[PDB]
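This report refers to the structure that appears directly beneath it.
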Amino acid sequence: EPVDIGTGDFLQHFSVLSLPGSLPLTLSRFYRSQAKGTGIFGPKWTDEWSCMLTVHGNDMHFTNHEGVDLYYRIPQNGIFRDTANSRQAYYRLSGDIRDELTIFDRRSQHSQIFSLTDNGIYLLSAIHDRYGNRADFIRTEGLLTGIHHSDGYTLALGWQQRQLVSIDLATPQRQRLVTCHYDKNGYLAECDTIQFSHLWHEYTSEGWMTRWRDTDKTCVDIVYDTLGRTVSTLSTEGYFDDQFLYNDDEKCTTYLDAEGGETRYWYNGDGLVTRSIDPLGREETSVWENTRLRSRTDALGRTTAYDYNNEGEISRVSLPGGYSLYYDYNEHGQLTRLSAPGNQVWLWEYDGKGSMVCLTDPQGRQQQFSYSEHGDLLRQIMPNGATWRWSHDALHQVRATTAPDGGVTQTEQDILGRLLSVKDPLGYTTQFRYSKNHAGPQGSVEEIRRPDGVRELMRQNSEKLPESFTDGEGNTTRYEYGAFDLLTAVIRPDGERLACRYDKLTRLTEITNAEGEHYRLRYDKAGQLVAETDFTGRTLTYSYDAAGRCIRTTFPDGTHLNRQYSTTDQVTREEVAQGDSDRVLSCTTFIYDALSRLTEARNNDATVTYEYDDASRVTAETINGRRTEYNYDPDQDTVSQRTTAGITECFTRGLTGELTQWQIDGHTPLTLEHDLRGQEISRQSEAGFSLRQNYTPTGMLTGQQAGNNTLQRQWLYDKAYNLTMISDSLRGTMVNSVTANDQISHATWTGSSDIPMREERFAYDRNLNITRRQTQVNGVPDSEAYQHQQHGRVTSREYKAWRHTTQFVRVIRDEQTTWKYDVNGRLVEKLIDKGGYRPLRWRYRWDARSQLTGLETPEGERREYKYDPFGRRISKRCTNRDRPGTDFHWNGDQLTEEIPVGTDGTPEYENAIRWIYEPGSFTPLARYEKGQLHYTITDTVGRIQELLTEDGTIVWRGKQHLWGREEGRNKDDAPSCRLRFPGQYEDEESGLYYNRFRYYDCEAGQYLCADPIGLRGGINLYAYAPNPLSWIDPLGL
Ligand SMILES: [Zn+2]
């Protein structure tokens, strides 16, 4: 809101200073072009430190920090008592006009004290809270020259010729906070603040601001009509080339935005909008009662109603759909009860000072809060008795936190609230040091010293935006900005550039990657994104209803994905149609109960149902008749028990919610220990299995000891936290060299010989996608591949392999792979061609949602995959060969069961393999098949490296190439393990890693189709990760 549509005023509001404390001291400056008021910053600007009360006959005028005048009728005896103005009912005026006057703010529980000066004018002399924390305002020769805060600091305000030039912290430390200059007519021409903006302002003779600018890129020119109304704005970089039209007889203002849209606002006598029409003709109406909003109705006709109690607070909100929210307050305006649908009631209790001492949640569980006499929160007790404690420094900022397990965290902040140091419960200290640039453009440097010896530097520019970041290895990422703090470029440590361009309303319209290709976004007049064209040239088009809800996605092949919504903005139906035919190809339904909770999702291949308790916790998820049931800890709302097909698991948790015991199906329990930083140091079973883990000073996993029953593993990182060494008692030593982009360029595994057993050498293109992969085996070249991306996706690849003969090498393989994508960006064919041989061709079939529904192998075998309404693959079948299938059970996003299906289509539920996860975790803890329990040991990315029996016997060992190809050789009777990176499952018929929403090729390092969430997943629509030992992608997004 730069322009007040009801009056034509140009409006600005900027933070000036914000000091921490028991009673925070914050100052802002508010500008209105037609304003008649004044503040410490001179005419036209108002502020919190210049509020006043004025006698004007029989009423008292209250001028607030925005220059708004509120009227209070003076009683005959001249004594106010909880006197309210109906326009702003939360302000309560008390006191004898012969003594001193108090404005109490019911929203904040804070009070302003006004003292008689001259001519029946009362100036602000103090602000305080209900604890006596107080800021005293000192005026000399009529000017505010000092402030004393009861926390123990003072400010000094410096004036020259009755113009404020400086605001300083005076004691206990000297610090300039604000510096001001003025134009020839006394208007504020420049305001430099230490914590926020540094701006310049230009004005006409009347004080109408015709220009404002920041330190670098932002400069805006404003034009007024002769009546002082804003008629246009324009920045020097082209943004917000806007015009304003006025109609005083119709009471309708028109906003002509820079991209051709037209918005009309009808307003009432108080200048409040009663009817607006957006650039698409969509209409919104509001009903007002003395500045209080009584109802609003959107473009679909959905009405929200507001009721108020006798004290002026919102007492009831009627939401569309018949839902009501009820609010109750104590005598001071503090919220004591919130009643929501489903008989959900929140209760708050306050003591005599207004401290919230007891919260009762909708389940009737109580949290207790204890406070100091100055209002510091000292202690919180949770329903299960978990107790948090805090102590504070002289500015009442937290300096020590005692967690429920007794662990103490030490924090230190400066007078401006910047963090200076943290010491965690194990005694490891991280330090922060700040320094201001003195030469050149006014900027700053923040240095971070970490307890593992890592040093990082973050630089800010003159706008206090991040300018560069230098990691512990000295690699620097830089940032560039245009006007209005728009990020226009990111420069990687290797010097490659990512760039962004915006339209005249600052909507992102173009992204250019390091390769130099463009991603384009297109908007309608209301700012809705109606089209995007990715780097491949693929365009998706979007349609919207009157509420801005997206109701159709159109794909290049002509298929449409139609969506329907409930009154509460929930998807009730999804339809697939194609081309101009309105014929529905497929249909998906979503059913919701009376509380708008999802109870059933259904497509052609799966019905998924959910059951809820009164607390809206999920007590059961059922997929195609297979039911998982949950029970919950009554104090923590964590899963305490889950049962599927008569197999029950029990979870025991400590005060912090950490897992202390896990048990399945009457087996010996697994017990777990955690350190004072909440990190797991051991898991044990009395049967014999034992795993101990240790961490770096910054909490990186760095050590594992277990105990064909003994494992010793060490992980070492560089100062940028790339994993550069693995010492593995079962595998050898892995050494990784990294690029400036934190990608691994050389990965070697070494045994007891100096010559490495195997090496991978990688190169990457400008987009960081794989190009070269060379392997060596025992020091001699083994294979070499070179793959080529076009528009960010692998398109072809050459591969050779060598045989070591006799000291020479002869080529034994030489083949080219080509990839073909359809117009929707999905891989439909991968062709491997070695000269003189039969071709090896994979074909891929896809549905409208870009789910891989079919696969054809080079030998002609056909597989079919089916998916539930949430993209979870529920089945796999071979349709033309005598081969078994698989059914899949899920809990939420976790694959919990693979169920073998015989060739006749009969599921073998007794042969199910259960993968055990903590609820909502992607890191597997155990495995249960045919009554046999195995425990996992996982690596730094949560991938299983070993499976162990209950007594600790190692019966499965993984062995991988960098990008995930698993080739570990294990005994015939070893348990199967098809899990790979988090959320991945290897399909043995293809070698693909199924990865929830997409399939992953661990050779090319890429997914087989474009990211279904587009740019929301990053700018590399096919990549998996820049470094598979540092990043994960469990949903395939
Ligand atoms: Zn008056």
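FYI, nothing fancy with the structure tokens labels: chains A, B, ... in order, residues from 1 per chain, ligands from 1 as they appear.
For ligand 1, the protein and nucleic acid residues at most 7 Å away, judged by only C-alpha atoms and all ligand atoms, amount to residues 56, 57, 59, 60, 61 and 71 of chain A.
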Fewer than 6 positions away in the same chain doesn't count, so skip those; otherwise give me all residues within 7 Å of residue 692 of chain A, counting only C-alpha atoms, as an MDAnalysis selection string.
-> chainID A and resid 681:683 704:706
DSSP strand (DSSP E or B) selection over segment 828-1036 of chain A, as a ChimeraX atom specification | /A:828-834,840-846,852-856,862-867,873-878,885-891,894-901,907,913-917,924-929,932-938,944-949,954-957,960,966,979,985-986,993-995,998-1001,1006-1007,1023
Segment 521-538 of chain A: which residues within 7 Å, counting only C-alpha atoms, same-chain residues fewer than 5 positions away excluded, as an mmCIF file with N, CA and C atoms, in the first residue's frame?
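Resulting contents of result-v7.cif:
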```cif
data_model
loop_
_atom_site.group_PDB
_atom_site.id
_atom_site.type_symbol
_atom_site.label_atom_id
_atom_site.label_comp_id
_atom_site.auth_asym_id
_atom_site.auth_seq_id
_atom_site.Cartn_x
_atom_site.Cartn_y
_atom_site.Cartn_z
ATOM 1 N N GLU A 259 1.681 -3.317 -15.775
ATOM 2 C CA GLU A 259 1.535 -4.383 -16.758
ATOM 3 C C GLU A 259 0.165 -4.387 -17.424
ATOM 4 N N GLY A 260 -0.558 -3.270 -17.366
ATOM 5 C CA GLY A 260 -1.796 -3.124 -18.099
ATOM 6 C C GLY A 260 -3.053 -3.477 -17.339
ATOM 7 N N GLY A 261 -2.943 -3.871 -16.079
ATOM 8 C CA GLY A 261 -4.122 -4.183 -15.307
ATOM 9 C C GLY A 261 -4.794 -2.946 -14.748
ATOM 10 N N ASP A 278 -10.868 -6.552 -9.500
ATOM 11 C CA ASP A 278 -9.478 -6.783 -9.860
ATOM 12 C C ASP A 278 -9.327 -6.736 -11.379
ATOM 13 N N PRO A 279 -8.097 -6.819 -11.903
ATOM 14 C CA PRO A 279 -7.914 -6.679 -13.360
ATOM 15 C C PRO A 279 -8.617 -7.743 -14.197
ATOM 16 N N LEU A 280 -9.202 -8.775 -13.589
ATOM 17 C CA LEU A 280 -9.939 -9.793 -14.326
ATOM 18 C C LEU A 280 -11.448 -9.691 -14.132
ATOM 19 N N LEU A 508 8.715 -12.648 -11.240
ATOM 20 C CA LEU A 508 9.759 -13.407 -11.918
ATOM 21 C C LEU A 508 9.263 -13.930 -13.262
ATOM 22 N N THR A 509 9.886 -13.462 -14.345
ATOM 23 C CA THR A 509 9.509 -13.874 -15.688
ATOM 24 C C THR A 509 10.584 -14.659 -16.421
ATOM 25 N N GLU A 510 11.839 -14.600 -15.982
ATOM 26 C CA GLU A 510 12.887 -15.295 -16.712
ATOM 27 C C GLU A 510 14.017 -15.687 -15.775
ATOM 28 N N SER A 543 -5.085 -22.671 -15.730
ATOM 29 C CA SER A 543 -6.325 -21.914 -15.640
ATOM 30 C C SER A 543 -6.760 -21.826 -14.183
ATOM 31 N N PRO A 556 1.649 -30.175 -23.246
ATOM 32 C CA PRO A 556 1.895 -30.019 -24.689
ATOM 33 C C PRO A 556 1.209 -31.064 -25.552
ATOM 34 N N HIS A 791 19.518 -29.315 -22.915
ATOM 35 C CA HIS A 791 18.489 -28.696 -22.082
ATOM 36 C C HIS A 791 18.425 -29.324 -20.690
ATOM 37 N N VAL A 823 7.044 -34.970 -25.689
ATOM 38 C CA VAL A 823 6.842 -33.530 -25.595
ATOM 39 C C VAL A 823 6.534 -33.081 -24.172
ATOM 40 N N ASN A 824 6.168 -34.003 -23.284
ATOM 41 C CA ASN A 824 5.973 -33.683 -21.879
ATOM 42 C C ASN A 824 7.246 -33.852 -21.061
#
```
What lies within 12 Å of residue 502 of chain A using only C-alpha atoms, ignoring chain neighbours under 4 positions off, as number ranges by chain?
-> A: 237-240, 259, 481-489, 506-512, 520-523
Expected file contents, prior selection, C-alpha atoms, as a CSV table (one decimal), in the first residue's frame:
```
chain,number,residue,atom,x,y,z
A,237,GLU,CA,14.6,0.7,-13.4
A,238,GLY,CA,11.1,0.7,-14.9
A,239,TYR,CA,9.3,-1.0,-12.0
A,240,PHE,CA,5.9,0.2,-10.8
A,259,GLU,CA,1.5,-4.4,-16.8
A,481,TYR,CA,20.5,-7.3,-6.7
A,482,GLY,CA,18.4,-4.8,-8.6
A,483,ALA,CA,15.9,-2.3,-7.3
A,484,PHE,CA,13.6,-3.2,-4.5
A,485,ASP,CA,16.1,-5.9,-3.4
A,486,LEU,CA,15.2,-8.2,-6.3
A,487,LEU,CA,17.8,-11.0,-6.6
A,488,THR,CA,19.1,-10.7,-10.1
A,489,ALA,CA,22.1,-13.0,-10.1
A,506,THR,CA,8.6,-7.5,-10.1
A,507,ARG,CA,7.1,-10.9,-11.0
A,508,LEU,CA,9.8,-13.4,-11.9
A,509,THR,CA,9.5,-13.9,-15.7
A,510,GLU,CA,12.9,-15.3,-16.7
A,511,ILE,CA,15.7,-17.4,-15.3
A,512,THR,CA,19.0,-18.0,-17.1
A,520,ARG,CA,10.2,-18.3,-18.8
A,521,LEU,CA,7.1,-17.5,-16.8
A,522,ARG,CA,4.0,-15.7,-18.0
A,523,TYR,CA,1.3,-14.0,-16.0
```
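Note that the spacing between atom CA of residue 164 of chain A and atom CA of residue 211 of chain A amounts to 21.3 Å.
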Residue neighbourhood segment 707-711 of chain A, 12 Å, only C-alpha atoms, exclusion window fewer than 4 positions, as number ranges by chain | A: 682-685, 687-693, 703, 727-732, 937-938, 945-957
Could you list, as a short mmCIF file (atom, residue, chain, number, x, y, z; two decimals) with N, CA, C and O atoms, in the first residue's frame, every residue within 12 Å of residue 90 of chain A, counting only C-alpha atoms and ignoring same-chain residues fewer than 3 positions away?
```cif
data_model
loop_
_atom_site.label_atom_id
_atom_site.label_comp_id
_atom_site.auth_asym_id
_atom_site.auth_seq_id
_atom_site.Cartn_x
_atom_site.Cartn_y
_atom_site.Cartn_z
N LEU A 70 -7.92 10.68 17.94
CA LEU A 70 -9.03 10.03 18.63
C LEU A 70 -9.57 10.97 19.70
O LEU A 70 -8.81 11.61 20.43
N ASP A 82 -10.68 4.15 32.37
CA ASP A 82 -10.93 3.13 31.36
C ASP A 82 -11.82 3.68 30.24
O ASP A 82 -12.72 3.01 29.74
N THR A 83 -11.56 4.92 29.86
CA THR A 83 -12.36 5.61 28.87
C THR A 83 -11.93 5.17 27.48
O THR A 83 -10.74 5.17 27.16
N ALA A 84 -12.90 4.78 26.65
CA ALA A 84 -12.63 4.22 25.34
C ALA A 84 -13.26 5.06 24.24
O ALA A 84 -14.31 5.68 24.42
N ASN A 85 -12.59 5.08 23.08
CA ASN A 85 -13.16 5.60 21.85
C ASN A 85 -13.58 4.41 20.99
O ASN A 85 -12.82 3.45 20.84
N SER A 86 -14.80 4.48 20.43
CA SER A 86 -15.35 3.33 19.73
C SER A 86 -14.56 2.97 18.48
O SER A 86 -14.60 1.81 18.05
N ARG A 87 -13.82 3.92 17.89
CA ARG A 87 -13.08 3.64 16.67
C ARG A 87 -11.89 2.72 16.95
O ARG A 87 -11.65 1.76 16.20
N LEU A 93 -8.18 5.30 28.23
CA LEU A 93 -7.63 6.52 28.82
C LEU A 93 -8.06 6.63 30.27
O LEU A 93 -9.25 6.54 30.59
N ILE A 103 -2.67 6.17 28.66
CA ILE A 103 -3.31 5.39 27.61
C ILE A 103 -2.85 3.95 27.77
O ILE A 103 -1.65 3.66 27.68
N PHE A 104 -3.79 3.05 28.05
CA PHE A 104 -3.51 1.63 28.13
C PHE A 104 -3.89 1.00 26.80
O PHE A 104 -4.97 1.27 26.27
N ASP A 105 -2.99 0.18 26.26
CA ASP A 105 -3.22 -0.52 25.00
C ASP A 105 -3.56 -1.97 25.31
O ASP A 105 -2.69 -2.75 25.69
N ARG A 106 -4.83 -2.34 25.13
CA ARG A 106 -5.27 -3.70 25.43
C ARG A 106 -4.62 -4.75 24.54
O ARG A 106 -4.52 -5.91 24.94
N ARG A 107 -4.17 -4.38 23.34
CA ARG A 107 -3.51 -5.35 22.47
C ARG A 107 -2.18 -5.81 23.05
O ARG A 107 -1.83 -6.99 22.97
N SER A 108 -1.42 -4.88 23.64
CA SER A 108 -0.06 -5.14 24.09
C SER A 108 0.10 -5.23 25.60
O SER A 108 1.16 -5.65 26.07
N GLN A 109 -0.91 -4.81 26.37
CA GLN A 109 -0.81 -4.63 27.82
C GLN A 109 0.24 -3.59 28.20
O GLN A 109 0.73 -3.59 29.34
N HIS A 110 0.58 -2.68 27.29
CA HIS A 110 1.53 -1.61 27.57
C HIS A 110 0.81 -0.28 27.73
O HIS A 110 -0.29 -0.08 27.19
N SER A 111 1.45 0.63 28.47
CA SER A 111 0.87 1.92 28.83
C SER A 111 1.79 3.06 28.42
O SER A 111 3.02 2.95 28.51
N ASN A 309 -17.45 -8.15 20.77
CA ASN A 309 -18.02 -8.05 22.10
C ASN A 309 -18.17 -6.59 22.50
O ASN A 309 -17.79 -5.68 21.75
N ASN A 310 -18.73 -6.35 23.69
CA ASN A 310 -18.96 -4.99 24.14
C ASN A 310 -17.67 -4.21 24.34
O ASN A 310 -17.70 -2.98 24.39
N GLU A 311 -16.54 -4.90 24.46
CA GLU A 311 -15.25 -4.25 24.66
C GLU A 311 -14.52 -3.94 23.36
O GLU A 311 -13.45 -3.32 23.40
N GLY A 312 -15.07 -4.33 22.21
CA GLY A 312 -14.49 -4.01 20.92
C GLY A 312 -13.58 -5.05 20.32
O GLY A 312 -13.03 -4.81 19.24
N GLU A 313 -13.40 -6.20 20.98
CA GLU A 313 -12.60 -7.28 20.42
C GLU A 313 -13.45 -8.18 19.54
O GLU A 313 -14.67 -8.28 19.71
N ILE A 314 -12.79 -8.85 18.59
CA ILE A 314 -13.48 -9.85 17.79
C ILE A 314 -13.92 -10.98 18.71
O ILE A 314 -13.10 -11.59 19.41
N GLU A 331 -10.64 -9.23 31.72
CA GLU A 331 -11.01 -7.82 31.81
C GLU A 331 -9.98 -6.88 31.18
O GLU A 331 -10.31 -5.71 30.94
N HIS A 332 -8.77 -7.34 30.91
CA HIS A 332 -7.73 -6.51 30.32
C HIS A 332 -7.56 -6.74 28.82
O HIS A 332 -6.64 -6.17 28.22
N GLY A 333 -8.41 -7.55 28.21
CA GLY A 333 -8.31 -7.82 26.79
C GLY A 333 -7.36 -8.94 26.40
O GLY A 333 -7.00 -9.02 25.23
N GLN A 334 -6.95 -9.78 27.34
CA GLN A 334 -6.10 -10.93 27.03
C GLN A 334 -6.97 -12.14 26.72
O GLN A 334 -7.93 -12.43 27.44
#
```
From the set A:916, A:89, A:226, A:371, which residue has the shortest atom-to-atom contact distance to residue 308 of chain A, counting only C-alpha atoms?
-> A:89
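Excluding residue 24 of chain A itself and same-chain residues fewer than 6 positions from it, the residues having an atom within 12 Å of it are residues 17, 18, 108, 110, 127, 128, 129, 133, 134, 135, 149, 150, 151, 395, 396, 397, 415, 416 and 417 of chain A, counting only C-alpha atoms.
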Taking only C-alpha atoms into account, which of A:221, A:1033, A:972, A:829 comes nearest residue 1008 of chain A?
->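 Ranking A:221, A:1033, A:972, A:829 by distance to residue 1008 of chain A, first place goes to A:829.
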Expressed in Å to a single decimal, how great is the separation between atom CA of residue 210 of chain A and atom CA of residue 223 of chain A?
->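 Separation of atom CA of residue 210 of chain A and atom CA of residue 223 of chain A: 6.2 Å.
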Which is closer to residue 803 of chain A than all the others in A:670, A:780, A:199, A:345, using only C-alpha atoms?
->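 Nearest to residue 803 of chain A: A:780.
Pairwise distance (atom CA of residue 716 of chain A, atom CA of residue 733 of chain A) equals 11.0 Å.
With distances restricted to only C-alpha atoms, A:914 is the closest residue to residue 644 of chain A from A:963, A:501, A:914, A:358.
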Taking only C-alpha atoms into account, which of A:960, A:627, A:635, A:766 comes nearest residue 734 of chain A?
->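 Between A:960, A:627, A:635, A:766, the residue approaching residue 734 of chain A most closely is A:960.
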Per-residue nearest contacts segment 928-974 of chain A to segment 978-981 of chain A, cut-off 9 Å, using only C-alpha atoms, as a Markdown table:
```
| residue | atom | partner | partner_atom | distance |
| --- | --- | --- | --- | --- |
| A:941 | CA | A:981 | CA | 7.2 |
| A:942 | CA | A:981 | CA | 7.0 |
| A:943 | CA | A:981 | CA | 5.2 |
| A:944 | CA | A:980 | CA | 7.1 |
| A:964 | CA | A:980 | CA | 7.1 |
| A:965 | CA | A:980 | CA | 8.6 |
| A:966 | CA | A:980 | CA | 7.8 |
```
From the list A:563, A:504, A:797, A:889, which residue is nearest residue 233 of chain A when using only C-alpha atoms?
-> A:504
